[PDB]
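Undergrad: Dumping the structure here so I can ask a few things about it.
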Amino acid sequence: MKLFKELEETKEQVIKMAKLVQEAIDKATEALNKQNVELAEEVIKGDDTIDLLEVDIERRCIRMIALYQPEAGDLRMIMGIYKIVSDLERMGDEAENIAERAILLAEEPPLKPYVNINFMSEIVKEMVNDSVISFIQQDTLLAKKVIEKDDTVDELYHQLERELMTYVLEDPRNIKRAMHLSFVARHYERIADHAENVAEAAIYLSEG
């Protein structure tokens, strides 16, 4: 009885953790776009908080278990949350890194608008959001359509990857920037794989 309160905020902690990750990406992409160290500097010192939300939720879970010991579909949610919460941390971590490489791309002009990375990022934020609200609220049709999304991201990557190899196949100087940029794109694909893990874990835990 005393335990529902505990669990219901814990779920909202995860939801909050996810808005912060989404906003990291959002900042990270912007800082990369309108080239802006002062913004990536925000992203980087931002992880601090996400690392702590991770810690917190972990620490919340262990209390819920030792205090109450759940069973059946409840212990299954806590253990599952304990799990999806480090996926969330990694995601926000990738973000940290996107910001890292944005700092380095400030070291010279744009070789390209940065088109692709955006469409990716845009989609990616949508994934984070849902992959969680699919876990927490066990909507299988949502989780399934998130899983389906990761492959539009994939396109964009193995698509950019080919445009990014124009610039080297046509100019020596270039390499330095396109280099950082590849890294940057793989980060966004990672963020999706992460989220689609969470969507799998959801589909998993769910029909239990």
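Residue numbers start at 1 in each chain; chains themselves are named A, B, ... in the order of the structure tokens; ligands are numbered from 1 in the order shown.
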Can you pull out every residue within 12 Å of residue 70 (chain A), counting only C-alpha atoms, but drop anything in the same chain fewer than 5 positions away, and send it as a PyMOL selection string?

TA: chain A and resi 1-4+6-7+61-65+75-79

Undergrad: Need the shell around residue 161 (chain A): protein/DNA/RNA residues with any atom at most 10 Å away, counting only C-alpha atoms. Skip same-chain ones fewer than 2 positions apart. Format as an NGL selection string?

TA: :A and (155-159 or 163-166 or 178 or 181-182 or 185-186)

Undergrad: Taking only C-alpha atoms into account, produce a table as a tab-separated table in which each residue of region 92-147 of chain A with an atom at most 12 Å from an atom of region 23-26 of chain A appears once, together with its shortest atom pair and the distance in Å to one decimal, ordered by chain and rising number.

TA:
residue	atom	partner	partner_atom	distance
A:92	CA	A:24	CA	6.7
A:93	CA	A:24	CA	9.2
A:94	CA	A:25	CA	8.6
A:95	CA	A:25	CA	5.3
A:96	CA	A:24	CA	7.5
A:97	CA	A:25	CA	10.0
A:98	CA	A:25	CA	7.9
A:99	CA	A:25	CA	8.5
A:100	CA	A:25	CA	12.0
A:102	CA	A:25	CA	11.8
A:117	CA	A:25	CA	11.0
A:118	CA	A:26	CA	9.5
A:119	CA	A:26	CA	11.8
A:120	CA	A:25	CA	10.6
A:121	CA	A:25	CA	7.0
A:122	CA	A:26	CA	8.2
A:123	CA	A:25	CA	10.9
A:124	CA	A:25	CA	8.5
A:125	CA	A:25	CA	7.2
A:126	CA	A:25	CA	11.0
A:127	CA	A:25	CA	11.7
A:128	CA	A:25	CA	10.2
A:129	CA	A:23	CA	10.6

Undergrad: Out of A:16, A:5, A:177, A:27, which residue has the shortest atom-to-atom distance to residue 107 (chain A) when counting only C-alpha atoms?

TA: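 Among the listed residues, the smallest separation from residue 107 (chain A) belongs to A:177.
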
Undergrad: Can you list, as an MDAnalysis selection string, every protein, DNA or RNA residue that comes within 10 Å of region 144-148 of chain A when you count only C-alpha atoms, leaving out same-chain residues fewer than 2 positions away?

TA: chainID A and resid 123:124 126:131 134 139:142 150:153 192:193 195:200 202:203

Undergrad: Based on the selection just made, write C-alpha atoms of those residues as a short mmCIF file (atom, residue, chain, number, x, y, z; two decimals), in the first residue's frame.

TA:
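Result file follows (again.cif):
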data_model
loop_
_atom_site.label_atom_id
_atom_site.label_comp_id
_atom_site.auth_asym_id
_atom_site.auth_seq_id
_atom_site.Cartn_x
_atom_site.Cartn_y
_atom_site.Cartn_z
CA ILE A 123 13.54 11.38 -34.97
CA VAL A 124 15.87 10.36 -32.23
CA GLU A 126 10.87 11.15 -30.65
CA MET A 127 12.32 7.69 -29.89
CA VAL A 128 13.66 8.46 -26.41
CA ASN A 129 10.31 9.95 -25.46
CA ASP A 130 8.24 6.99 -26.57
CA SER A 131 10.62 4.10 -25.79
CA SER A 134 6.05 2.56 -23.91
CA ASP A 139 1.69 0.24 -24.89
CA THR A 140 3.01 -2.51 -27.15
CA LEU A 141 1.78 -0.93 -30.41
CA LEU A 142 3.82 2.17 -29.48
CA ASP A 150 15.34 2.81 -35.93
CA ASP A 151 15.67 1.80 -39.54
CA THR A 152 14.77 5.19 -40.98
CA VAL A 153 17.62 6.46 -38.80
CA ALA A 192 18.39 5.06 -31.36
CA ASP A 193 19.74 1.54 -30.78
CA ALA A 195 16.08 3.51 -27.23
CA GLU A 196 15.05 0.51 -29.35
CA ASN A 197 16.59 -1.74 -26.69
CA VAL A 198 14.25 -0.09 -24.24
CA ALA A 199 11.36 -0.66 -26.66
CA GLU A 200 12.33 -4.39 -26.82
CA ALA A 202 9.14 -3.03 -22.94
CA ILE A 203 7.54 -5.52 -25.38
#

Undergrad: Could you give me, as a PyMOL selection string, the residues within 12 Å of residue 49 (chain A), counting only C-alpha atoms and dropping anything in the same chain fewer than 2 positions from it?

TA: chain A and resi 16-18+20-21+24+42-47+51-56+89+92-93+96

Undergrad: State, in Å with one decimal place, the distance from CA of residue 87 (chain A) to CA of residue 71 (chain A).

TA: 23.7 Å

Undergrad: Quick one: pull the distance between CA of residue 149 (chain A) and CA of residue 11 (chain A), Å, one decimal.

TA: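 Pair CA of residue 149 (chain A) / CA of residue 11 (chain A) returns 24.1 Å.
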
Undergrad: Which residue, A:101, A:13, A:109, A:57, has the smallest gap to residue 82 (chain A) when you use only C-alpha atoms?

TA: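 Of A:101, A:13, A:109, A:57, the one nearest residue 82 (chain A), counting only C-alpha atoms, is A:57.
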
Undergrad: Tell me which of A:58, A:48, A:189, A:74 sits closest to residue 154 (chain A), counting only C-alpha atoms.

TA: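 For residue 154 (chain A), the nearest of the candidates is A:189.
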
Undergrad: At what distance in Å, to one decimal, does CA of residue 188 (chain A) lie from CA of residue 204 (chain A)?

TA: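 Those two atoms sit 24.3 Å apart.
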